[PDB]
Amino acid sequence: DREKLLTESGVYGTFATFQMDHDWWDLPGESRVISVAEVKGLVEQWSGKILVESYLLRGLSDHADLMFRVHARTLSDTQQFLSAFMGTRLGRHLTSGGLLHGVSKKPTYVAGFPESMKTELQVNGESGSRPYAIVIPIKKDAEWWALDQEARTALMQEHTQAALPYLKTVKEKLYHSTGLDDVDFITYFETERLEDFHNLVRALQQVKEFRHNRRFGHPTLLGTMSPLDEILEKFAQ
């Protein structure tokens, strides 16, 4: 279900940050490379049940070195996996930075959009390897929920309208996080171009919706997508 987790609804997504202890460096290189192989194997073990992508936060996001984006069909499996991961010789030297869960749904407001707008939505993004990745949690203010459907739909249309041309160079995904933690949404973006993403976010600061974002970022997680090997290789040499 490689293609079935990154795309389908009813799939729980989790974002897990870690910071590496200093004492980790007090360990011998041979010991750490052993620790590295342990993790690679722990992940392969959980293959089939869950999907796991890794992002390097060291040097781009404050107080964080590593991030996991984990998709699962139940959060219990994700829980177990993370407790196991944090149990490894490597994990034991990790301080948990942060943790956000949200489920993927079919869209609420999209059906009431123009046919032409839904067309431009069918595009699934740009072709790039090892892109930058941004994660922005969001809490909407109470005023927003007090609004009726028709109003929110229209605001979200302006949201869409302003953002669509950035699907040239930006992939996106949206998770509904309400009731699972202190936010309503988790937004995720991949791009090779951060100038575009920057402009993209500015444009959305100018729509009417934005004023309703009681929390915007905090934290704003910037990292770069890479295989877990490349990441761990940095933690051994």
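Residues carry their position along the shown sequence, with the first being 1.
Comparing 123-131 with 158-166, the higher mean C-alpha B-factor in the PDB entry belongs to 123-131. The deposited model assigns a higher average Cα B-factor to 40-48 than to the other stretch when 181-189 and 40-48 are compared. The residue among 194, 174, 27, 56 whose C-alpha atom has the highest B-factor in the PDB entry is 27.
Across 137, 112, 98, 102, the greatest Cα temperature factor reported in the deposited entry is at 112. Among all modelled residues in this chain, the alpha-carbon of residue 67 has a temperature factor (C-alpha) in the lowest third.
Per-chain ranking of the deposited C-alpha B factor places residue 77 in the highest third. Among the modelled residues of its chain, residue 153 has a C-alpha B-factor that falls in the highest third according to the deposited record. When the modelled residues of the chain are ordered by their C-alpha B factor, residue 220 lands in the lowest third. Sorting the modelled residues of the chain by their CA temperature factor places residue 117 in the highest third.
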